[PDB]
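Protein chains in written order, with PDB author numbering: chain A, 1 to 1140; chain B, 40 to 134, 141 to 376, 390 to 453.
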């Protein structure tokens, strides 16, 4: 039996629901976004949405609603997951620590019952007497909201109407009253009933059922004074409340189906209506005061606001700002204007939230030649299409680059005394110094008066009294900001060259040979107070300020040239408080004191690429909690920077990394840059919150992006992407995409919108006549939409669109692979295309076209006609393996650069995906799951060994190892096939065995061999075997690896113990979430280790960590069981983030 | 704007699920339905000493329920190749075998024959827990079962009667509540709502036995095959009432009925030919296709998209292509064959069939899974005087 490890590298990004209300405080408006298993809390402000906390839930969110029981100061948040896990959450904050506390929880799953065909729907009574849930057809679950109902048990009340599309509680009723829209064979009707919790029965509501539009689906609960409910269909909207009936049919909504809604005003006067077409509508309620003192609806009005991304849920903020939650594309925060734009829209986007989903394809390439690999995924469709670059690490956006080789250090200066932002940058060089002027986005060489240009600068920066300090090999120079002139100079009493320096607002420390001098900074004067002598010469020293001090630090950290160690000295006397041995082969190059979230830490880097970090106690000058991480083989330099309103550290090396704090714990993540030697913070007017990164040959100027474990960069296409591959030789990615053009009366076509295929720097059109023999029956029709495919070439470093090649009319590109062919070291773009017409169920003719990108142009190399559509292509040991309809064919690469078939396999229905490892081929079928083929180079043909007999509509395939083959099910479960070497019969030998059942909660759309973090590249030092990344419809990216028997048993006991102790948001039992889940049956998970369970420990705040670890036995990998501490689960998580 | 039926558009839309249309499912399944039958491999199971298997239905992705001549109900776990038996339920009073099994449209209630062949037994899915006591509505053995709704089921008999059983909202609510609350299941007592006979036509009124039933979910019709050579169509949308009758081209061995939902055609087996019936056509306008297995009889029939699967007494399964109007050819009609299974050389065999040591295992039941790629086949020896069983999963 094989065992596998499954971990999520990038959390789901698609939005599945969103609500507005008073969640974090009684006065502020809050916006809550549910992204499958992730709940994100945002505060509504005039400027936008401010995230406060994010928690991972053990389940897929289907219902999320706010409610306020009597006696509560703020609304409570209820979630019902697709795994029947119910929970009530409340926002709690203490000082700087933010977390979500579960008020109640429990599972409501039944052993028998048909899950509802309309999906999971849940509602909360306005008076908070009960929560109504629709999980099964014909059954309505009620959860009483008693204050002592710790377990959210639900009871089933029989409803006569089995199939209900939407349900809401009515406002203004004395008894709990539910209104719902249900579909009968005679059309859709709306009925209401009262809920009796003691009788477990439904009674006739305040008004009788009324016939409504056959497309009626969405129900809006209408708060008082209005009360009642609004029913939304395809063409009309109808309002029901007691004796009142009102209906309107706006033509502006007839072209799109409304899928979601949200309250705009607290009194229910306005609501948002969203749709699948991205048309945002405003629903307005006209009020009429009644003679009995009540208020009822007078009329309905709907206005078109404009176009947005596809809306899955809407949430109103304030001041006319609308949040558009998107499941199939990026979510948008947009503002409603009074005046329309040139397109007639009133909606202008202010901010965009990245969504990787739907992920259609992806590939991993080592474009930086570092051995890690960069994953680029195709996401979205039509105007929302884009490329997403995902890497383990923190990304930075490059805006400028200057040819400044040989930089030995960087420091910002404020030469203008009237500005708080940076306006000057100092470059240190051996034997000389240079200064760059900062003018907005532009950077130019200049000279700053008072500074030494003929000596190497070791440290400089801003100091108190409106002065700048520069320390060079020859002397210490104090230069005022105005008139930018030297005011005071200090010289070494030993007449020796300074080798190290550091400065802060009032303290200066200089290292010359073994001597350390402490100087005070005074207005227009430097003063020497004291000095000491070290046993060995100092290689690095730092007095960077910590915490909230005014640029002051009582301690100085140093490193030495001889004993390879770090020391803490107390100023001014330089008293030694702590000595820590670093070890390694090369002396320390930089030592740094920094602060993370007001917590003090010390870091020191060696010239051999090793990084040592420890907790720093300033009051005592002692180090603790020592940990070591290896970054690379080149010297590493440590410097602190301030960005994004927080303080962090950048480690410059051949594998640069950013040190940052998340959930009050340090996380070490790489950077998506080729290499950096030295750096400094930038806070200029044009570069606020930016970094200056100096590499071996050039200086890179740029800005830090959102700090997350996995960074995502977006390259919009404005057209539908299809497939992606990497061409190593040309340093480019190939992408298949398509745009929609409308055919005119002239016979030509016009694009509806510009896209990457039309905005490329250069382009070409295929001249082949292979498909000219046949045309569409509507080839000359007018007004018909025509889909045009193109191959886009994007640079691996800038990801800009370099070239676009257009394919022939009616030619669809189904697959794309780029690899080395035959014995030719050059990698080529291989595109599988087919001739497709609407009347042809299955293409009978297609071709494989090989392109080479060189010298800025994409040139077609060769084309090979094939008997059928090409669905997939993979690199197989330098050969081109392609799937053509029902047959898999292996093509050899000839000296003429043309493909020739060598062997094939016919025992398939339709091979949609191909991935290979070693000599094994894994083929994904349209309906027959995956099959195991093996290639025999000595025979020159394929032999079928076994195939999976568990039917599944595959979306992609990949091989974990020679024996372990990975697939995904349409039921949100993962599976791994193993060759049954123990089989004795033909039935057993031909059947791939399942080695476990694991419920992921996500639908995997693509598989790809590789990793987002440093790969083993065939080495066996990695504790896991194999590395396959996978993408999902919701933008989730995970890693699957194989486990040995020992790892599986060790981690399985860990998982079973963690399932009962870890208190995640909602306090949902983890063992149920991961249990194998289908519409027919649920089974306990086996054969897989859930890495998300351990990593979820990083989301819970410290107050919960103590309760989770208490009475928990944790295995650190030695096999010994000991009681866990908070740092044990955090430490393992830090290691886990380095394997995926 | 032309209609797009190509699977290429399906593949590119499925990757994004951006309002992907369901109209492509017909082509997806039909394309595979033509190529799948020739690529299937045989997986035979050992059923032990069970008499025969006459009926089977898919209950899960891993298990198929099977009924037997000895009234034993069991499920074959095709994923693990294991046999699990289900307890046989008794009637309300202590007053053959299981010839038919059917699942309700909701896949929550399993209807099989009980300990007494004249009684219907109800089992809960997926747990297999008992639901109701065996009824006594019929005066003779039940040969056919069909679920007309989520709560209603109709069962036929040798005397030509069809019992109408209905579960009310209160009965179903209490039954479900008991099974989910109490770990130990509790069955309810039931009786038939009404009993109606098939119409008496100018054909043999005595051979009025209803051997097969099939329900059309789209038009809410209950079709019935009698052995008098006539097909009967009843309405079963809310109450049981006769609609129409048509004449079959053959009046011998009309033991199996299936309905093609994509073609609106009723398939009726016979001694050699499969009849294609259309309620909208004259009673004489019935087409027949010969299975080529003359003299052995057609024992089962089912629709997989536009491909009709026909089981015969020789233990083989034939595939008929409606669109091509011909039988599928092997990559020479393409056909699957059953294995040896288990044959009981008992006293009855010794008395009547002692001159033959082995008989082919006739295909009495077969069913496709939800994906359409797994075909479960089960049966036993063709002769009524012999005991023996076969089952296997083709994939």
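In this text, a Cβ means the ideal position worked out from N, Cα and C, and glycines have one as well.
request  = Output, in chain order, the set of chain B residues within a Cβ distance shorter than 9 Å of residue 949(A).
outcome  = 80, 82, 117, 118, 431, 432, 451, 453
ask   = If you draw a straight line from the C-alpha of residue 302(B) to the C-alpha of residue 318(B), how long is it?
value = 13 Å
key: Residues sharing a beta bridge with residue 49(A), DSSP   = 44(A)
key: Own chain partners of residue 290(B) with C-beta closer than 8 Å, once the 5 adjacent residues on each side are dropped   = 244, 246, 275, 276, 277, 278, 328
query = Are residue 194(A) and residue 205(A) close, meaning C-beta to C-beta below 8 Å?
reply = yes
task = May I have a chain-ordered list of the beta strand (DSSP E) segments no shorter than 3 residues that lie completely inside the stretch 245-274 of chain B?
result = 255-261, 266-271
Buried or exposed (CB count within 10 angstroms, at least 16 for buried), residue 1014(A) = buried
inquiry  = Starting from residue 14(A), trace the alpha helix (DSSP H) in both directions and tell me its first and last residue.
reply    = That residue, residue 14(A), is in no alpha helix (DSSP H); it is neither H nor E in DSSP.
task = Quick one: which unbroken beta strand (DSSP E) runs of 3-plus residues sit fully inside the stretch 359-393 of chain A? Chain order, please.
result = If we require 3 residues or more, the beta strand (DSSP E) runs fully inside the stretch 359-393 of chain A come out as 359-365, 374-379, 386-392.
query = What residue does the alpha helix (DSSP H) around residue 249(A) start on, and which one ends it?
reply = Counting along the chain, residue 249(A) falls outside any alpha helix (DSSP H), and DSSP gives it neither H nor E.
ask   = Applying the criterion that 16 or more other CB atoms from any shown protein chain within 10 Å of the CB defines a buried residue, is residue 178(A) buried or exposed?
value = The residue is buried, with at least 16 neighbouring Cβ atoms inside 10 Å.
message = Counting only Cβ pairs nearer than 7 Å, list the residues of chain B close to residue 911(A).
response = The contacting residues do not exist; residue 911(A) stays about 12 Å from chain B at best.
inquiry  = I want to verify the contact list: residues of chain B whose CB lies under 8 Å from the CB of residue 1209(A), in sequence order.
reply    = Nothing about residue 1209(A) can be reported from this structure: the residues present for chain A run from 1 to 1140 only.
inquiry  = Between residue 812(A) and chain B, is any beta-carbon pair separated by less than 8 Å?
reply    = Residue 812(A) counts as touching chain B.
task = Check the Cβ of residue 137(A) against every Cβ in chain B and list those closer than 8 Å, keeping chain order.
result = 151
query = Where in the stretch 382-465 of chain A do unbroken runs of the alpha helix (DSSP H), each at least 4 residues long, occur, reported from the N-terminal end onward?
reply = none
ask   = Listing by chain order, which chain B residues have their CB less than 7 Å from the CB of residue 358(A)?
value = 54, 55, 56
request  = Kindly list the residues whose CB is nearer than 6 Å to the CB of residue 85(A), restricted to its own chain and excluding five residues on each side of it in sequence; keep chain order.
outcome  = 59, 107, 1068
task = Identify the contact partners of residue 214(B) in chain A, using a Cβ-Cβ distance below 7 Å as the criterion.
result = 158, 160
task = Please specify which runs of the alpha helix (DSSP H), each continuous and at least 4 residues long, are wholly inside the stretch 154-195 of chain A, giving them in chain order.
result = none
message = Quick check on the burial criterion: 16 or more other C-beta atoms within 10 angstroms. Buried or exposed for residue 632(A)?
response = buried
inquiry  = Against chain A, does residue 236(B) count as a neighbour if the rule is that its beta carbon must be under 8 Å from one of theirs?
reply    = no
ask   = Start and end of the alpha helix (DSSP H) containing residue 55(B)?
value = Neither: residue 55(B) is in no alpha helix (DSSP H) and is coded neither H nor E.
task = For residue 449(A), count neighbouring C-beta atoms within 10 Å of its own C-beta (all shown protein chains included) and say buried if the count is 16 or more, exposed if not.
result = exposed
message = Considering only the alpha carbon of each residue, which of 646(A), 597(A), 553(A) lies closest to residue 619(A)?
response = 553(A)
ask   = Just reading off the beta strand (DSSP E) that residue 96(B) is part of, what are its end residues?
value = 92-97
request  = Assign residue 103(B) to one of three DSSP states: helix, strand, or coil.
outcome  = strand
task = Assuming residue 159(B) contacts residue 142(B) (C-beta within less than 8 Å), just tell me the rounded distance between them.
result = Residue 159(B) to residue 142(B), Cβ: 11 Å. No contact.
query = So what does DSSP say about residue 434(B), is it helix, strand or coil?
reply = strand
task = For residue 882(A), go through chain B and note every residue whose CB falls closer than 8 Å to its CB, in chain order.
result = Within chain B, no residue comes near residue 882(A); the closest Cβ sits about 15 Å away, beyond 8 Å.
Any C-beta of chain B under 8 Å from that of residue 194(A) = no
inquiry  = Distance check for residue 375(A) and residue 1035(A), CA to CA, integer angstroms please.
reply    = 13 Å
ask   = If you measure beta-carbon to beta-carbon, which residues of the stretch 771-798 of chain A are closer than 7 Å to chain C?
value = This model lacks chain C altogether, as its protein chains are A and B.
key: Classification of residue 416(B) by the beta-carbon crowding that lies within 10 angstroms, buried from 16 upward   = Residue 416(B) should be labelled exposed.
request  = Could you tell me the distance, in whole angstroms, from the CA atom of residue 119(B) to the CA atom of residue 371(B)?
outcome  = 36 Å
request  = For residue 1078(A), go through chain B and note every residue whose CB falls closer than 9 Å to its CB, in chain order.
outcome  = 99, 100
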